[PDB]
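[1] Here is my input, please return the structure:
(chains A, B, C, D, E, F and G, ligands or ions: 3)
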Amino acid sequence: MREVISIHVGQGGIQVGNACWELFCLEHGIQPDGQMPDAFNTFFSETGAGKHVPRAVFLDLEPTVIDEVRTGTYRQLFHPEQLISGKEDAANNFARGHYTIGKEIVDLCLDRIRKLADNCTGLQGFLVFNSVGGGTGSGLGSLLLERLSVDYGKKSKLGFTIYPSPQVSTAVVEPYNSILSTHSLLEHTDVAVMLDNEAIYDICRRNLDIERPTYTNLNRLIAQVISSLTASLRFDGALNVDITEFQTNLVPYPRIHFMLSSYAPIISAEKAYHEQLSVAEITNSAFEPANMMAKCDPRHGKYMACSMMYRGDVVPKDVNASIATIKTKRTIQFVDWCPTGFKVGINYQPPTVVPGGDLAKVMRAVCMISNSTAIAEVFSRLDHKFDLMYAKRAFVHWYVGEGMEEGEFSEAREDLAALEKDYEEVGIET
Amino acid sequence: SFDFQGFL
Amino acid sequence: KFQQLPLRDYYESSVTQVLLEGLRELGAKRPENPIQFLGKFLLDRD
Amino acid sequence: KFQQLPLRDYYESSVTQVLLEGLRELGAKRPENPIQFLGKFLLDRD
Amino acid sequence: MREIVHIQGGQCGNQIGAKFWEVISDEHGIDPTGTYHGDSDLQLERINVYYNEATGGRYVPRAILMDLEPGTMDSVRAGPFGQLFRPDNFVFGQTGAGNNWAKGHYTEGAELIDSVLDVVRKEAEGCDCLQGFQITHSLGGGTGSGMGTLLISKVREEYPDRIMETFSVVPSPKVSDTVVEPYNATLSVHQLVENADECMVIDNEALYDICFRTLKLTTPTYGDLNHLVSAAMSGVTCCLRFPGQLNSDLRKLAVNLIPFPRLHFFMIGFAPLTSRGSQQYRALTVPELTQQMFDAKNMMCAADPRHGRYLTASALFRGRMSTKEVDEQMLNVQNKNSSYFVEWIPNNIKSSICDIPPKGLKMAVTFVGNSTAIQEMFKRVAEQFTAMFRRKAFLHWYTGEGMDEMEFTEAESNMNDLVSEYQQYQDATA
Amino acid sequence: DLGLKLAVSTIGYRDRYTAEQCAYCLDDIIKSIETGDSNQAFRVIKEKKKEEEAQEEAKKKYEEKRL
Amino acid sequence: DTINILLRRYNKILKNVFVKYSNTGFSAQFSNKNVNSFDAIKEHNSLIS
Ligand SMILES: Nc1nc2c(ncn2[C@@H]2O[C@H](COP(=O)(O)OP(=O)(O)OP(=O)(O)O)[C@@H](O)[C@H]2O)c(=O)[nH]1
Ligand SMILES: Nc1nc2c(ncn2[C@@H]2O[C@H](COP(=O)(O)OP(=O)(O)O)[C@@H](O)[C@H]2O)c(=O)[nH]1
Ligand SMILES: [Mg+2]
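    Numbers count the residues shown, from 1 in each chain, chains lettered A, B, ... in the order given. Ligands and ions are numbered 1, 2, ... in the order given. Here you go, the structure:
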């Protein structure tokens, strides 16, 4: 009687949704056709006899990815008319997907959301995935969040956004729409998790020893993180954690809800079994700055609160004996007004392996969600990138001619300045 | 190798 | 269709001829009350 | 003296501030009668 | 969906199209009789982009062919793949222009253009969702440079929101085949900047240089230059007809490569290009593709790209390859050449990946970069124009058909203003 | 240029693009005021085509007279 | 004081010269494959040999 609905918008969102939906189907024993040859109820729904239907909706204005989905092996799984598709792409223009073509599509998505919500009885909250540096992704994510915040109100929404890397970039105009989308979801999303690609590339290179990774390898790690986060809702555990038990433990103030994640262990089968993978060493590896899932240095800032999930055969006393060691270290310092900052969850189900993938099978794993003061650097560098081109009003004509006003750029800049001032104000000791 | 201050 | 045109295009397509005529006479006559004269001129143009 | 200033300097020193203020509101409001609104605005500025 | 129609004018444009359509048909496996004989399923999924469907199962291009003399279209019909073109789309006059811009734009081109506009309107009104138009014509001829550019304005007046492409061959001073080239080049550039959403300049001199130096073939002919131009043309829209990791339609390139609405003159290049005797020596790798892609001699224009700084750049990779390597190589090509990239817009290179390579090749790259080095072509064109105009040479031919010298003065002034304001941003600093 | 750039420099960074566009546009009437041609406030054959169209229309109008 | 004034006056030139030459040397170490972090590239680009 506990449910959650995941929203996938944009090319990156759909490509990570595919990645998480192989993993969930594999973890619950459901074949790609949707047929089994009481834990499924969190992500799926029973049709009365036979197949299961995911509680997910796919959105995009550009039809190529959806058409690829509707012809692959998973054509029989998803309901045919929840893969909403458009005709014309926003083409990396934020104003397009927020004012011009997204408005005519958003009504169908909201109707689908209502039709899925009326089925659930214990709706925990929503999940949303969107790559921020794109037109349709950021614009439609902003519009959907704004509609949901007023249609439903206090229901919790979680956002797994992928911000651009510090120096590596695929587009040339992504700072503009990244800043605008951050403006939009700052006052509209309860949790936002950092996911830039460069850090995960470094993780793959160093640990998985892959020298030529593709997007699928990144999306599989993201899917594993999602599964670790939501395992506690569908498996028995000695110390459970619910989604609604987050803003009471990781969010000191309503404005501050951007945090960065990490995962451990990450190791290949060729050298995994030569070492014992004790809980102490994995919880040490999880706190290593080089294993952050976002390219930010935690040594440059304080910690505010750490929520970290275990799964497997871990015993609570071993967890406490490792939290003490971390509190001992002099290179990791917490904020003054937080004496204890750890929330611990323990689950029994070990992580599942996907055949043909990178990760091996292990009995212990740890996933941490940590809120730290050091996150302000990404905001500062994105702001610096934005200012350089906004000084000369470059690329603005592509946005003014799509219905957006001239002054809309300035207030996003003011909100980022306010956020940066707030992060500095919080981190000073009393 | 010099930084910019070493180069100055 | 003026409501669909950008600000700059809106002014040039809505008050272009009036401003040109009013300012032209204003610069030629140089009245003591340019604002009052221009305001009446705009109402008289219609 | 405005009468001695060139055309460009005359406009910028005589009707620059008023025109910019009127155009600002014109682009923001986008009224159906931009000319009539601007004319009244100029008379109201004085 | 999101398909485009083909319109070509003049002899040069007709010869370019006669190879472009052959290349497209060979790519999609369409026989010269209009019957599909392809091997892969993907060859038919998005065939509606360029081809229409008729009874009997055969396919017909949605191309419109126009010229002021019937010889070139009477010759292209007898060539290979000449039967695909619908006979109804052939429109021609009985007089010709004689390389006189005035005759092809005021007296003769004005009366004929109604018939071709009728079929253009028929083609555009019918199609599922319009993406836009692409135009091939030469600036060195009268009828082409006149009728094509007037048709550009007529199309823009009726479809202001669609996108417009133009592949324009400008007369180089090295290989000159017509004495009155500067006049109709300067007159055409005046109108082309006001209406074309994108423009891509191509020079015969650069094509001869490439054929002589990179391919090292003894006797170049127009068939080789046409083949190179056709490959470059096909490379731009490949991801719109095939699936890929990051699809990017023409509008997305328009957003990311044009900073200001008047700076839309690009120069392109295609890689790889190797000689017959050295095609076995080389190994196709991403570094090998990217080193040839940014090579100065590889550009399809005689303009030297290390004489200026790139405002932005784009690359459309083809084939199956890892994205991490592409991104790191793009970063490396931008760190080692920081002097030739403008500094007030960071991360000014766009990348895209398409999983379907060209037939016969495993990897391919199409490069579209907006650089400040293009000023040199307009400088020399205007220099020749002002050298010839000061004596009023050959002016009576133009002035005898209703044109005057005032339109020459305005065209020269606007072209010089474009030259100046294009380099204005080269010296701009942050 | 001058006087219009010092006036655009007195307007805050958020509206400076709009003020620069208004100043370019204000450059618009001034030329007409300076000169006298109501067709410079945006962005053989022409004359001949217009003449021909008018003549055909005139003939149709003549036909209307004929009607 | 005079040297510091001159270094401030010409700082933009010296910084352009520094950036122009700091990445011109062939370092086998920073060949694209083994530079695992953007920070290592940034640090190398901030040094002149
Ligand atoms: N982690 C990850 N990021 C991706 C993936 N695909 C695209 N991105 C990121 O998404 C950004 C651009 O947005 P996209 O998702 O590609 O495109 P979009 O969101 O659909 O927006 P449009 O361009 O209008 O279609 C790029 O900068 C990429 O970094 C992916 O498969 N995995
Ligand atoms: N690439 C290519 N260029 C051509 C070909 N034929 C002519 N040209 C170029 O076109 C120019 C002459 O254009 P022209 O035929 O007069 O155009 P028209 O007036 O529209 O017929 C010459 O400078 C040639 O360089 C061809 O088959 N291929
Ligand atoms: Mg997309």
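
[2] for the chain, what spans make up the helices?
    Just so you know, I chose chain A. For chain A, helices defined by DSSP state H occupy the ranges A:10-27, A:64-69, A:103-117, A:135-151, A:174-186, A:197-203, A:215-230, A:269-272, A:279-286, A:316-328, A:376-390, A:397-400, A:408-426.

[3] should've been chain C
    Using DSSP H, helices in chain C cover C:7-14, C:16-29, C:34-45.

[4] go on, chain G?
    Going by DSSP H, chain G shows helices at G:2-9, G:11-21, G:38-45.

[5] Any chance of JSON lines for those helices, columns distance to residue A:217 and mean neighbour count?
    Where C-beta positions appear, they are placed from N, C-alpha and C, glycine not excepted. Below are the helices of chain G laid out as JSON lines (distance: least, Cβ to Cβ, whole Å; neighbours: other Cβ atoms under 10 Å in any protein chain shown):
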{"stretch": "helix G:2-9", "distance to residue A:217": "48", "mean neighbour count": "9"}
{"stretch": "helix G:11-21", "distance to residue A:217": "35", "mean neighbour count": "13"}
{"stretch": "helix G:38-45", "distance to residue A:217": "19", "mean neighbour count": "16"}
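
[6] how about the spatially most central residue of chain C, what does it touch?
    Nearest residue to the geometric centre of chain C (Cα atoms, centre = their mean): residue C:19, 2.4 Å. Residues in contact with residue C:19, defined by Cβ atoms under 8 Å, 6 or more residues apart in numbering or on different chains, are D:19, D:38, F:29.

[7] Residue C:14: which of those is nearest?
    Of all the contacts of residue C:19, residue D:38 has the smallest distance to residue C:14: 8.3 Å, by Cβ to Cβ.

[8] Roughly how far does residue E:343 sit from residue A:178?
    Relative to residue A:178, residue E:343 is positioned 20 Å away (Cβ to Cβ, to the nearest Å).

[9] coming back round to it: closest one to residue A:401 among the helices of chain G?
    With Cβ to Cβ as the measure, helix G:38-45 is the member of the helices of chain G nearest residue A:401 (34.7 Å).

[10] for that closest one, packing partners?
    Packing partners of helix G:38-45 (3 or more Cβ pairs under 8 Å, 6 or more residues apart in numbering or on different chains; DSSP states H and E): helix E:323-335.

[11] Next, see if the helix it packs on gets close to chain B.
    No. Helix E:323-335 lies apart from chain B when judged by Cβ under 8 Å from any Cβ of the partner chain; the minimum separation is 15.9 Å.

[12] three-state assignment of residue E:377?
    For residue E:377, the assignment made with DSSP: H, G, I helix; E, B strand; the rest coil gives helix.

[13] Tally up the residues packed near it, please.
    23 (other Cβ atoms under 10 Å in any protein chain shown).

[14] which residue packs closest to it, ignoring adjacent ones?
    Spatial nearest neighbour of residue E:377, chain neighbours left out: residue E:303 (5.8 Å); criterion: Cβ to Cβ, 6 or more residues apart in numbering or on different chains.

[15] from memory residue A:212 sits against residue E:325, does it?
    Yes. Here residue A:212 reaches residue E:325: they are 5.6 Å apart, a contact under Cβ atoms under 8 Å.

[16] For residue 47, give me its contacts.
    Here I'm looking at chain A. Counting by Cβ under 8 Å, 6+ apart, residue A:47 touches residue A:53.

[17] wait, chain F
    By Cβ under 8 Å, 6+ apart, the contact set of residue F:47 is residue E:402.

[18] Can you say which helix or strand has it in it?
    Per DSSP states H and E, residue F:47 falls inside helix F:45-66.

[19] likewise residue E:131?
    strand E:130-138.

[20] Extract the CA atoms of that strand and return them as PDB.
    These are the backbone C-alpha positions of strand E:130-138, laid out as PDB (Å, rounded to 0.1, in the frame of the first residue of the first chain):
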ATOM      1  CA  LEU E 130       7.500  21.200 -41.800                       C
ATOM      2  CA  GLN E 131      11.000  21.500 -40.600                       C
ATOM      3  CA  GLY E 132      12.200  23.900 -43.300                       C
ATOM      4  CA  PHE E 133      13.800  24.400 -46.700                       C
ATOM      5  CA  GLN E 134      17.300  23.900 -48.000                       C
ATOM      6  CA  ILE E 135      18.600  25.900 -51.000                       C
ATOM      7  CA  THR E 136      21.500  25.200 -53.300                       C
ATOM      8  CA  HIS E 137      22.600  27.900 -55.700                       C
ATOM      9  CA  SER E 138      25.600  29.800 -57.000                       C
END
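
[21] Parallel or antiparallel, which strands does it pair with?
    With DSSP bridges as the test, strand E:130-138 is paired with strand E:3-9 (parallel), strand E:163-169 (parallel).

[22] Is whatever helix or strand comes next after it positioned near chain F?
    Next along the chain after strand E:130-138, taking DSSP H and E as the criterion, comes helix E:142-143. No. Contact of helix E:142-143 with chain F (Cβ under 8 Å from any Cβ) is absent, the minimum separation being 12.6 Å.

[23] contacting residues for residue 36?
    With no chain named, the answer covers chain A. Neighbour list for residue A:36: A:29, A:30, A:52 [criterion: Cβ under 8 Å, 6+ apart].

[24] try again with chain G
    By Cβ under 8 Å, 6+ apart, the neighbours of residue G:36 are A:202, A:205, A:206.

[25] Looking at the residues you listed, which one is closest to residue E:208?
    residue A:205 (44.6 Å).

[26] For ligand 1, see how far away the closest one is.
    15 Å (Cβ to the nearest ligand atom, to the nearest Å).

[27] quick one: that residue and residue A:217 touch, right?
    No. At 10.5 Å, residue A:205 does not count as touching residue A:217 under the criterion of Cβ under 8 Å.

[28] out of the two, which sits in the more crowded spot?
    Set side by side, residue A:205 and residue A:217 show more neighbours around residue A:217, with 22 against 18, by other Cβ under 10 Å.

[29] Domain-wise, how is chain E divided?
    Structural domains annotated on chain E: E:3-256, E:265-374, as defined by CATH domains of a matching chain.

[30] May I see those arranged in a markdown table, with distance to residue E:383 and mean neighbour count as well?
    Formatted as a markdown table, the domains of chain E follow (distance: least, Cβ to Cβ, whole Å; neighbours: other Cβ under 10 Å):
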| stretch | distance to residue E:383 | mean neighbour count |
| --- | --- | --- |
| domain E:3-256 | 9 | 19 |
| domain E:265-374 | 15 | 19 |
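
[31] Ok, which of these comes nearest residue A:374?
    Closest among those, once you apply Cβ to Cβ, is domain E:265-374, at 22.0 Å.

[32] picking up where we left off before, which parts of the helix holding residue F:47 count as buried, going by neighbours?
    F:45, F:48 (16 or more other Cβ atoms under 10 Å in any protein chain shown).
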